[PDB]
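Peer 1: Protein chains in written order, with this note's numbering: chain A, 89 to 164; chain B, 89 to 164; chain C, 89 to 164.
Ideal Cβ positions, reconstructed from N, Cα and C, are used throughout, including at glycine.
The structure follows.
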Amino acid sequence: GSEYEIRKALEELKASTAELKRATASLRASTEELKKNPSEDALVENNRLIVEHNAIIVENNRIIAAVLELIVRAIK
Amino acid sequence: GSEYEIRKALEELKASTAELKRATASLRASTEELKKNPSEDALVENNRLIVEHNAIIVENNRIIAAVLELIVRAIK
Amino acid sequence: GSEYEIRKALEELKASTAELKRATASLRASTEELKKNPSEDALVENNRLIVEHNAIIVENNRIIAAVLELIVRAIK
């Protein structure tokens, strides 16, 4: 049913939001170490963490878009 | 408000979501080449791809916000 | 009330979207300066701006998720 599917998708959004925090923290830390001890490797490692962070945002947006579609169906 | 405007906005969101996919994949491909052959230019090119990727996310979020506003009007 | 809380949350979202604009512009500017005069420092500074930009996106998604939860409660 619509209420169940929406509840499930929202719980999914919570989980994704949770990874996003752990990633944001992990990323803010590397950026701290990067500026403190800059180097080519430090830059590449920081870029890799940024990409991992962007991809988590993308998953977050994917779930948001799924919730929007479910809400639009529910209010029809 | 209208079912038509929401339908159209959700189709917009899908188009933006599609760019995001093409951008996320291409970003990950470049990140692979970066780690394989790190260099000044490799890093700079990687940053450019990340910025283009973040800008697509921003557009995605913009459409999400428009859909939210339309839903809020429709349910009043 | 539901209508008030949703109105307030959307105003929050708009303020965050505004911050996102200012970050996107400032970020793209550094990316222009970076490619023109690349250097280790230029790269580290660009990475800092990108992270600050990603963090605003995260705030934006946070508000979006709050609005979704308010809408789901309003249509029950």
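Assign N135/A to one of two classes, buried (16 or more other C-beta atoms within 10 Å of its C-beta) or exposed (fewer than that).
Peer 2: It is buried - the Cβ of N135/A has at least 16 other Cβ atoms within 10 Å.
Peer 1: Could you give the uninterrupted runs of the alpha helix (DSSP H) lying entirely in the stretch 95 to 132 of chain A, keeping only those of 4 residues or more?
Peer 2: Taking only runs of at least 4 residues, no alpha helix (DSSP H) segment lies wholly in the stretch 95 to 132 of chain A.
Peer 1: With a threshold of 16 other CB atoms inside 10 Å of the CB of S127/A, please say whether the residue is buried or exposed.
Peer 2: With fewer than 16 other Cβ atoms within 10 Å, it is exposed.
Peer 1: Just to confirm, is the Cβ distance from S104/C to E147/C under 8 Å?
Peer 2: Taking 8 Å as the Cβ cut-off, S104/C and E147/C qualify as a contacting pair.
Peer 1: Between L137/C and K164/A, what straight-line distance do the alpha-carbon atoms span, to the nearest angstrom?
Peer 2: Going by the C-alpha atoms only, they are around 43 Å apart.
Peer 1: Would you mind telling me which residues of chain B sit closer than 9 Å to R161/C, beta carbon to beta carbon, in chain order?
Peer 2: Neighbours of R161/C on chain B: none; closest Cβ ~11 Å, over 9 Å.
Peer 1: Measure the Cβ-Cβ separation of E100/C and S118/C and say whether it is below 8 Å.
Peer 2: Against a cut-off of 8 Å, the Cβ pair of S118/C and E100/C comes out as no contact.
Peer 1: What does the Cβ neighbour count give for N149/A, buried or exposed, with the cut at 16 atoms within 10 Å?
Peer 2: Buried is the call here.
Peer 1: For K123/B and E140/A, I'd like the C-alpha separation in whole angstroms.
Peer 2: Approximately 14 Å, taken between the alpha carbons.
Peer 1: Under 8 Å by Cβ, that's how I've got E120/C and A130/C pegged, so tell me the actual separation to the nearest angstrom.
Peer 2: The Cβ separation is near 11 Å, so there is no contact.
Peer 1: Excluding the five sequence neighbours on either side, which residues of its own chain have a C-beta within less than 8 Å of the C-beta of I151/B, listed in chain order?
Peer 2: Closer than 8 Å at the Cβ level, and outside the excluded window around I151/B, lie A97, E100, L101 and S104.
Peer 1: Within 10 Å of its beta-carbon, does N125/C have 16 or more other beta-carbons around it, so buried, or fewer, so exposed?
Peer 2: It counts as exposed.
Peer 1: Answer with buried or exposed for residue 86/C, where buried requires no fewer than 16 other C-beta atoms within 10 angstroms of its C-beta.
Peer 2: Shown here, chain C extends from 89 to 164; a query on residue 86/C therefore has no answer.
Peer 1: Using a cut-off of 7 Å between C-beta atoms, extract the partners of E157/A located in chain B.
Peer 2: Simply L98.
Peer 1: Can you give me the Cβ contacts of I144/C inside the same chain, cut-off strictly under 6 Å, excluding the 5 residues immediately before and after it?
Peer 2: Excluding positions up to five away in sequence, the list reads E107, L108 and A111.
Peer 1: Suppose the cutoff is 6 Å on Cβ atoms and the five residues either side in sequence are ignored; what does the same chain contact list for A162/B look like?
Peer 2: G89.
Peer 1: With 8 Å as the limit, tell me which residues of the stretch 123 to 147 of chain A have their beta carbon closer than that to any beta carbon of chain B; keep them in chain order.
Peer 2: Residues passing the 8 Å Cβ filter: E128, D129, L131, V132, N135, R136, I138, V139, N142, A143, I145 and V146.
Peer 1: With H, G and I counted as helix, E and B as strand and the rest as coil, what does DSSP make of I145/A?
Peer 2: DSSP places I145/A in helix when its eight states are reduced to three.
Peer 1: Alpha carbon to alpha carbon, how far is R116/C from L158/C? Give it in angstroms, no decimals.
Peer 2: In a straight line, the C-alpha of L158/C is about 34 Å away from that of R116/C.
Peer 1: What's the gap between the Cα of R95/A and the Cα of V155/A?
Peer 2: Their Cα atoms are separated by approximately 9 Å.
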